[PDB]
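First comes one chain, alone, set out as structure tokens in the form deposited in one PDB entry.
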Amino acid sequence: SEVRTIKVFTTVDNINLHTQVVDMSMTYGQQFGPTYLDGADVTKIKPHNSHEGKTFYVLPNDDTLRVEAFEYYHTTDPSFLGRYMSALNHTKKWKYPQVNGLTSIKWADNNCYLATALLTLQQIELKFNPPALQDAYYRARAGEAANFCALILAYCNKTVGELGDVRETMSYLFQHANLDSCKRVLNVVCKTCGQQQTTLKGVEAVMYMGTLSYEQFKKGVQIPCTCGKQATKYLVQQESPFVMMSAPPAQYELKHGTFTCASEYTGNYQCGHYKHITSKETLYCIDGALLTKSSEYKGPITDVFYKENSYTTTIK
């Protein structure tokens, strides 16, 4: 039969586009291997006329693309790009309303942990290392978050429709962000053992599991010693843009202007519901596209974020 062709562009990063000529007999998979158009999988689909001039994502099958993909995504996981496109295919159908001047996500496919994490990122000082996240985050901040939510799902290895833990998500995100200058100094005192001082850098310096209260962390918290007698661990110095204080969900009271934002978890382990509480002129509770205001909030809190620059203890 007659040989028909169109010109298209193939890419890994949507920065470097490569012109390709395609046969309208064969499928995209036959010609380039797995292929995607705005996340949809067209590997088994033959070219259409409307496809002419459009940009397609493909897998790296030569050194140029591999280098391009690594520089942009800072990963070599060969499933990464297929999971990103697979996820994006769903995240592009989500609605990202501006609630309180921050970008949220209308609830779908248990995205309540992603709404809350996205709302948190817009409230704390953070620079991602992978250009893919820098670029998607900047678009997200301005109300186009479908690529950011797709990359988060891809980086966190989560499927659409699966509920995730906000503390884990953020931890993964922190690992891909520049926190080299973040420092924390802890002191532990035991009447028997003595005083021991430890320094922490990066992600370890901005996160803590076992108390929501930044103030309690500075007074001291009780922890079990190696010896077995109770010991007091307290914060001596902290240099970071913020601190994330986590604990298993507990009835907690949040007071206006004593924190930046908090994750509220209702329900049971890995099958519950997240809400985002932020401190502005009053307390705002953001629940996807839903918003309510109050001067006071008691409820089950699991993460609390506090802004910070430089703290030093006046203890001893």
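Residue numbers run from 1 along the displayed sequence.
In what follows, reference is made to the form deposited with a partner chain bound, a form of this protein that is not presented.
Original post:
Is it true that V67, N129 and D180 each have at least one non-hydrogen atom within 4.5 Å of its partner chain in the bound PDB entry?
Top reply: All of them do, each having a heavy atom within 4.5 Å of the partner.
**OP:** Within 4.5 Å of its partner chain in the bound PDB entry, counting heavy atoms only, one of 82 to 90, 69 to 77, 96 to 104, 141 to 149 shows up; tell me which.
**Re:** Contact-bearing stretch, as computed: 69 to 77.
**OP:** Counting non-hydrogen atoms within 4.5 angstroms of its partner chain in the bound PDB entry, say which of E52, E253, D63, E281 makes the cut.
**Re:** Contact check passes for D63.
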